[PDB]
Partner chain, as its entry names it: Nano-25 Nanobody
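Next up is one chain by itself, shown in structure tokens, the form solved without its partner chain.
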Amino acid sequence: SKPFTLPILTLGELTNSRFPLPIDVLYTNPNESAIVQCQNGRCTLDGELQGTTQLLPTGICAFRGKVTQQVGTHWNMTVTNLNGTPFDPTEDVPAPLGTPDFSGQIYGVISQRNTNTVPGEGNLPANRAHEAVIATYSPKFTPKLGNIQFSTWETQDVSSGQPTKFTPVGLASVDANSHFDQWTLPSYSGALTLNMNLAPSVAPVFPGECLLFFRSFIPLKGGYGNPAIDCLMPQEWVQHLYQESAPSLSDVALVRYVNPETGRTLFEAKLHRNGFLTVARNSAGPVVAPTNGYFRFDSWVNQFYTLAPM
């Protein structure tokens, strides 16, 4: 039986699995009323990706496809799998892997490199890129059906029928009107249709315990706010667990957040089979801990184990 391990990486060496951002802090929010059911950064401890999760850091909240027509200014674009193959709505996933998993106005850059080349230009293609926003709560956001819409400030310099890439950067806004809610899933097929093939919701099932998140702060195109995105495990853990494919020997692994300098355990946590952490903590907010710290697998325990309060 290949033993279970986590990579040895401080918070400053980890990245968020739900948006292309570094991890900034560990965070808890015991009194959260929302169901936590994100679809990116989902991976079982034995290395099975779930939801819309894929392995590339560059694939998180990215889209690939072709603009079909103009419809600020608005544009419709077909979306393929990120590897360029046609997305097959019959595959057992919620949406193309990499699709954003939260409601909001996602701000980024749309770029295009034409397929046709010009002989006068050494047989090279024309290009354009422009800022763009994708509203994931809109009824035109239907990645599961192979089509989404984005808007631009630019009014004309976007070409139909040409290869198109969305590179995410941040959020456009977090004002009331922008519907930013990190725990509200998009309707991947539109509002009249149920989401399918989701990774399951996660929650603590032990008194005194709460979810522990890896939190990143996300840039804003304008306006006021300090929005955050919380993931259940960083992208490097997803990648590592996928590589190792270690059998889970129980439903719950005991992990310790250790200070390598002093060799001391700062706190302990449960790492659950479906790929998320809980701690025994009675407050909300960031965890204040030495920047050299990281989680180390200790042993397999079970649902009856009582964590020492942080």
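Residue numbers count along the first chain shown, from 1.
Missing here is the form deposited with its partner chain bound; even so, the following discussion is about that form.
Enquirer: I'd like to know if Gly208 sits close to its partner chain in the entry with it bound, meaning any non-hydrogen atom pair within 4.5 angstroms.
Expert: Contact check for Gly208: yes, within 4.5 Å of its partner chain in the entry with it bound.
Enquirer: Evaluate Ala284 for contact with its partner chain in the entry with it bound, applying a 4.5 angstroms cut-off between non-hydrogen atoms, and reply yes or no.
Expert: No, no contact at 4.5 Å.
Enquirer: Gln69 near its partner chain in the entry with it bound, any heavy atom under 4.5 Å?
Expert: No - in the entry with it bound, heavy atoms of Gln69 and its partner chain never come within 4.5 Å of each other.
Enquirer: Given that the partner is absent here, does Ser201 sit within 4.5 Å of its partner chain in the entry with it bound, heavy atoms only?
Expert: Taking the distances in the entry with it bound, the answer for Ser201 is yes, it comes within 4.5 Å of its partner chain.
Enquirer: Every residue in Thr99, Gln182 and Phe213 with a non-hydrogen atom within 4.5 Å of its partner chain in the entry with it bound?
Expert: No, the candidate spot makes no contact with its partner chain.
Enquirer: For a quick check, can you give me the residues of 283-307 that have a heavy atom within 4.5 Å of its partner chain in the entry with it bound?
Expert: Residues within 4.5 Å: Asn302, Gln303, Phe304.
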